[PDB]
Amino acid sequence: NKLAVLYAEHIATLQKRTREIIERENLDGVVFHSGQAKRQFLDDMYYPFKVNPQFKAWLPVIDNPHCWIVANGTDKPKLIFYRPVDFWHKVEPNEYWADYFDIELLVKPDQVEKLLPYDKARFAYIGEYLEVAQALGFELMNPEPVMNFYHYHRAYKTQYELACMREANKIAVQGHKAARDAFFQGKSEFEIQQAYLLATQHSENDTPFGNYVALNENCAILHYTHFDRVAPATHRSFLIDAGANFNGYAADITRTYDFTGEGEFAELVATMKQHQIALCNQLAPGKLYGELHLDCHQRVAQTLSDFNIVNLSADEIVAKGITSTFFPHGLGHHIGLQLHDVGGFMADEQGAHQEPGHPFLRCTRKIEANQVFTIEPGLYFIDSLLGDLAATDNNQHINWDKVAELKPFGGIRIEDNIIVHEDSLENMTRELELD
């Protein structure tokens, strides 16, 4: 396995990071709890299992509750692997990552008693279940200096992590091309989603987030969760925000399409595409991410002017803050183990927070090598926001006829995942030839 080579360096890095923080916080070690299955109210059914990000940060075990990692950075990390024995289900770790842990099998969740350290006074519990931690004897639960430290360095992806994210993007792109074909065949939102799921070989709960699969006016809906079962009478626009998972690492890709490939909306999409590519290539070590977000508002304003959506020059559109009506979210975010990855705001290991008139900007941190970003500029026609704009004194400056013409197409978003290197950029998505 070519992943195994990189995974050895991955463990050594996590061990190194663990050594530092437990010595800085005077701890014996850190305990990572994979998590638990949540039971539905008054029912014997369970919610789908979601693994603790801090747990899967160590190893690709993401579908197994009641697992525990005990690490101090010097000894080999101890893996308490849950493996029940009853005829109701079907199951020993055999993959390359197993050899880097001291594995002890747990046949029953409550038996974790005797496998955890006896003196837990200086062992930090990192997990969601504080009452379970209390029942075990842990009193140090999710201490902020430890949380902030790990979250800070999570931004710096190891070579193993980059490999996993490249693979995640490979899978996602395959899905996006299948979803694209389904759209031009005139399928419904539901049918398009199904085509995506089949092509990625992902179940719905495997994706890093509930995919957004939108047609026509629904393209304006940022968090569009529902899928229409019936195809629209006329096909105008298509927006799919969908990703994939590989070993716990996420991909997050958006593409917008015009059905006919010509007309005002098709040109608008093409314009946003060139803006999106230009914004991607502005990523560089030393740059604050906030500068890119600002440049995006500049480009959205320019776009509004050129297509005569707003009857003003680009800079007055910026100054009046009209751009926020059409582009109300952030340009992008860190991505990795979590979709919206941690540490996006922090300036140091101690958790120095850097804030963004742009409340929904998710990244303000200085860009460095081995960090991974999304770049997702957008231009939408949302009724609530357009109504607010009409209530302002900027009413007279808006081409409402133009807005009416473009409204049935919903909106535009184009998203890529980019690895920043020392002297180059790696746009994983477009290098996989997703136009």
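Throughout, we count residues from 1 along the sequence that is shown.
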In terms of residues present in the deposited sequence but not modelled, what lies between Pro356 and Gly357: none, 1 to 3, 4 to 9, or 10 or more? 1 to 3
Can you count, per the entry, how many deposited residues between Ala233 and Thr234 come without coordinates? Answer none, 1 to 3, 4 to 9, or 10 or more. none
Pick between 288-296 and 112-120: the one whose mean CA B-factor in the entry is higher. 112-120
Mean Cα B factor from the PDB record: higher for 218-226, or higher for 236-244? 218-226
When the CA B-factors of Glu131, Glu189, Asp341, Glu128 are compared as recorded in the entry, which is the largest? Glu131
Take the CA temperature factors straight from the PDB entry and tell me which of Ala182, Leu198, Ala314, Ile171 peaks. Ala314
Chain thirds of CA B-factor: placement of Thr374: lowest
Mind checking which third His397 falls in for C-alpha B-factor across the chain? highest
For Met428, the third of its chain by CA B-factor is the lowest
Sort the modelled residues of this chain by their C-alpha B factor and say whether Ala391 lands in the lowest, middle or highest third. highest
Once the chain's modelled residues are ordered by C-alpha B factor and cut into thirds, is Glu95 in the lowest, middle or highest one? highest
